[PDB]
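Report on one structure; see the data block that follows.
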Amino acid sequence: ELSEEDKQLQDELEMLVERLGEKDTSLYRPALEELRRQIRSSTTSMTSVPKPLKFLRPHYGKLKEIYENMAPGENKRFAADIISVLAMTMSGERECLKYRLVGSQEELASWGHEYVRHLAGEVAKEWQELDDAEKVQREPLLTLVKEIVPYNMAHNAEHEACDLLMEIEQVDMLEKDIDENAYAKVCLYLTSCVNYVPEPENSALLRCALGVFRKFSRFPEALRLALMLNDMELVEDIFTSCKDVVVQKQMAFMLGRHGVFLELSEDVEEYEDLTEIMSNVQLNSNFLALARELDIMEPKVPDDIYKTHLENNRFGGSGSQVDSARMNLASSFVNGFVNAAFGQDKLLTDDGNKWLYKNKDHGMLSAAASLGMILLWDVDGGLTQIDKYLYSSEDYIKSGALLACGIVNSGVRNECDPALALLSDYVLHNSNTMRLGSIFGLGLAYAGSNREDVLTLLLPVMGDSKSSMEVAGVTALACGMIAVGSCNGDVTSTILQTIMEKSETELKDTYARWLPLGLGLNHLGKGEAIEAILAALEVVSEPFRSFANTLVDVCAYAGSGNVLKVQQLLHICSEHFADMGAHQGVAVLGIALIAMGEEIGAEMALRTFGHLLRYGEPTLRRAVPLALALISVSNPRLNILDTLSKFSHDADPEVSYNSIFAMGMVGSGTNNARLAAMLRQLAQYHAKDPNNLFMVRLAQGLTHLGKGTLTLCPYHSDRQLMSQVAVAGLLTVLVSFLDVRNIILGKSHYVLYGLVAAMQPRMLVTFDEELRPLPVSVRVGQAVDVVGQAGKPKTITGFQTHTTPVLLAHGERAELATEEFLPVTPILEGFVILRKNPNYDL
Amino acid sequence: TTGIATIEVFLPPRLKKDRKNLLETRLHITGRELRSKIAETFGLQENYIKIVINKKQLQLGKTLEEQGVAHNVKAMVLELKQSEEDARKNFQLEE
């Protein structure tokens, strides 16, 4: 019950509210003045219970009607203020809003923080309740926001300000209202909220954050959000606005990492240095330094990688003297991938022709591509060795050499463009293998280029009726992955015409799946323009109509997180009815690629995939491991590996094959000794089937990629920056792997080399302002945010001290433990430039 | 000017020289003269080098003008482990 002070205050409140019965002149001003005074005193204090509000439980009906009849001036406004404060505690949402709306304006700050928050919530509720039928109510709510937002800004309440500004769908005022000490908080809030908000508000929020960062001149972050938006005009605007040459070099490094090559005018000083950095010619050299820091110059051999000295030699000296072709292809992939990018191998460099001569047709192409893939990012160094094998006796393997070129020029660009020159006279080659090699090399060398000359040169291949189905598919995929995430009308129209003119009998083959691929590869991350795409694709008949629609639906929403598209895809998967299950497989890959945008969505996609596996039909069971591989590329999560190990022994050969490839992709480059042991056990168990052995050895090569210093992650910048080229590469490999026997185990091993398009390295090489390497002590650990929305860089814990260059595993980041240097980019990934601290004093 | 080109010749990184160099050349000469002049300018074996021009493969029997060469055109220089004809015969012999 009450107290003496409480009872006296209750009596005073009751007297003040009861005096309003009649219309005496000295009632409305005195009583409302007293109520205003008490309410303001209680509300403008600590969060203590508002004692006047607790005591006040009257009815305002008489108060509302008298409001209607008495004092059209300020007294009704005082009454409105009082009833608004009273109804903030009660449930009078619309009335409580309109009391502040039409009553005494004064200011929302004069009431209290809680009153401001409640008014903000009610304003958001009304705005969501108000449609475009009338804009009369919108303007006063906007005026309320005009004062609500600065209140939150000045009282560290940026949460409510940002939320309200997202409800009203208007975010322009953040440009003119954000302070120096609060830009990071709101910017991080937006860059985290963009992933979960659906279309089209995510793009508006992204451009709002872009404008904020431009206003505060945080140019690297502006570049990050510009690549998030995937629009070149604002990237060019940021490039022009960058007046600091060190920031220019940093943004060139990040552009090269993302693979975005924008033409630079000669008006910008130091054009040559920026161009050569963006071409990423230096990377290999740094990689070499990397390797000579870890004493891993010496390349490995497949015999030691398989560890034959440990396998139980049940048949000794009688069952291993025969060298089958398929195991030779697997050993080529191993003695490639494992030793790749180190500039040397002990079996393909000194005994090349002898090795290649024990391969047949497809083995020739695979080994020729692996010869270039054993030396990465050295265009001249790679081609100096590739030319002789291009001059080979078996001119059919010439195409393979082109792959080598295309696999050597990957991740780099030259002014003279050796790849374009070398393949310009070979693209029009009538031989199917020659044209295939030419187009594949051109695509791999020019991933993400979007250069009009190469696209125009690739156009006539689609209209060539002579060109075979697999030539058409490889051409379509190369065109798509040269024009990743651009919605190029030229390529879209060309592929649409090619598929429209294609016959059903010729469409029934597996390679026709690669026709939507490039089309889909033209529309990565842009789901707005795909209504016309689906309308155009609706002309073709089912089932391939549904197949193409599903594939373009995946490609449109790559990482979008649109749960409605995932619901449609899950409905497709759950429909229990050969080619009919292709739709379900593509939809499963769609759930994977949409959910990999967000960590939460991905981890729930894990549970959905488990449910699909334990309760799905054979086609879904085959499809899921590819999805699991897509979800966690180069992220050896133990639960995923355990599920894949459980299903590697399944009685369905396709399911086991897909599970093995999922081991290879998920644990790629992590050098996981547990994964290596499990793969050795799988090789021992599957020692009889050539296909299982081939794919398990491929998985071992993938997991020993670069001796553990290479990753296939399509994500960068704390996994927030997507990579269109890498996403394209994994998409091609996975959709080809939807049919392992006909494509992977058939005539199309070269498709595996598309993963090298996604081949991106991990280091911590630190450069000075002049780009010389600089050893800096670095604190490396997990980025587990021990705070909420404090704006912290996840507050790296699990500390370990390192000297650069350093190797960072997936999910573990780094920070500068020394204040002597300041990084231009606060995200310590890849090559960075540290400016000497001017604030530090000796 | 005066029917000449300042060709931007790009040497391989193995030869520790300037990555990009300027060479003052004419246009009426043939690809053989082109490779010979690069070889004599930057100290390479003429039969052990391949030259890449204007995003096209050099036509050794066709002059520079008719193979697309123009002013300010890049020129990749690639070392050969074995000479062009020598590599052709060496590899094609092994069958």
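Ordering of the structure tokens sets the chain letters (A, B, ...), residue numbers begin anew at 1 in every chain, and ligands are numbered from 1 in the order given.
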
ask   = For chain A, which residues have at least one atom within 7 Å of chain B, if we go by only C-alpha atoms? Write them as a list in words, please.
value =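 Filtering chain A at 7 Å from chain B with only C-alpha atoms gives residues 380, 384, 385, 388, 391, 392, 393, 415, 416, 417, 418, 420, 421, 422 and 424 of chain A.
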
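Backbone DSSP over chain B yields strand (DSSP E or B) at residues 4, 5, 6, 7, 8, 9, 10, 20, 21, 22, 23, 24, 25, 26, 30, 49, 50, 51, 52, 53, 56, 57, 63, 74, 75, 76, 77, 78 and 79 of chain B.
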
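Between atom CA of residue B:45 and atom CA of residue A:276 lies a distance of 27.6 Å.
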
In chain B, DSSP helix (DSSP H, G or I) residues written as a list in words =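 Put together, the selection reads residues 31, 32, 33, 34, 35, 36, 37, 38, 39, 40, 41, 42, 46, 47, 48, 65, 66, 67, 84, 85, 86, 87, 88, 89, 90, 91, 92 and 93 of chain B.
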
message = Show me, as an NGL selection string, the residues that have an atom within 9 Å of residue A:776 when counting only C-alpha atoms, minus same-chain residues fewer than 6 positions from it.
response = :A and (766 or 802-805 or 816-818 or 821)

Residue selection dump (N, CA and C atoms) as a PDB file, in the first residue's frame:
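To be explicit, this is the file written out as selection36.pdb:
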```
ATOM      1  N   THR A 766      52.581  -7.305 -44.786  1.00  0.00           N
ATOM      2  CA  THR A 766      52.381  -5.908 -44.431  1.00  0.00           C
ATOM      3  C   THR A 766      53.386  -5.044 -45.180  1.00  0.00           C
ATOM      4  N   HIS A 802      52.169 -12.788 -33.381  1.00  0.00           N
ATOM      5  CA  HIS A 802      52.782 -13.226 -34.625  1.00  0.00           C
ATOM      6  C   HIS A 802      53.610 -12.091 -35.209  1.00  0.00           C
ATOM      7  N   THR A 803      54.535 -12.457 -36.089  1.00  0.00           N
ATOM      8  CA  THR A 803      55.280 -11.504 -36.897  1.00  0.00           C
ATOM      9  C   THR A 803      54.886 -11.688 -38.356  1.00  0.00           C
ATOM     10  N   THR A 804      54.532 -10.589 -39.016  1.00  0.00           N
ATOM     11  CA  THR A 804      54.061 -10.667 -40.388  1.00  0.00           C
ATOM     12  C   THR A 804      55.188 -11.118 -41.316  1.00  0.00           C
ATOM     13  N   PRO A 805      54.863 -11.869 -42.380  1.00  0.00           N
ATOM     14  CA  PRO A 805      53.528 -12.345 -42.789  1.00  0.00           C
ATOM     15  C   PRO A 805      52.984 -13.448 -41.887  1.00  0.00           C
ATOM     16  N   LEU A 816      46.415  -5.011 -35.017  1.00  0.00           N
ATOM     17  CA  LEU A 816      47.741  -4.440 -34.800  1.00  0.00           C
ATOM     18  C   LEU A 816      47.963  -4.227 -33.308  1.00  0.00           C
ATOM     19  N   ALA A 817      48.879  -5.003 -32.725  1.00  0.00           N
ATOM     20  CA  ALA A 817      49.217  -4.840 -31.317  1.00  0.00           C
ATOM     21  C   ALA A 817      50.138  -3.654 -31.066  1.00  0.00           C
ATOM     22  N   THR A 818      50.685  -3.045 -32.114  1.00  0.00           N
ATOM     23  CA  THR A 818      51.597  -1.917 -31.989  1.00  0.00           C
ATOM     24  C   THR A 818      50.885  -0.634 -32.390  1.00  0.00           C
ATOM     25  N   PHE A 821      52.162   1.993 -35.764  1.00  0.00           N
ATOM     26  CA  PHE A 821      51.662   2.047 -37.128  1.00  0.00           C
ATOM     27  C   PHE A 821      50.142   2.111 -37.120  1.00  0.00           C
TER      28      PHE A 821
END
```

inquiry  = Which residues are close to stretch 286-296 of chain A, i.e. within 8 Å by only C-alpha atoms, leaving aside same-chain residues fewer than 6 positions away? Reply as an MDAnalysis selection string.
reply    = chainID A and resid 341:343 707 763 765 805

inquiry  = When you look at stretch 599-614 of chain A with a cut-off of 7 Å (counting only C-alpha atoms), what residues show up, excluding the ones that are within fewer than 5 positions of it in the same chain? I need them as a list in words.
reply    = residues 592, 620, 621, 624 and 631 of chain A
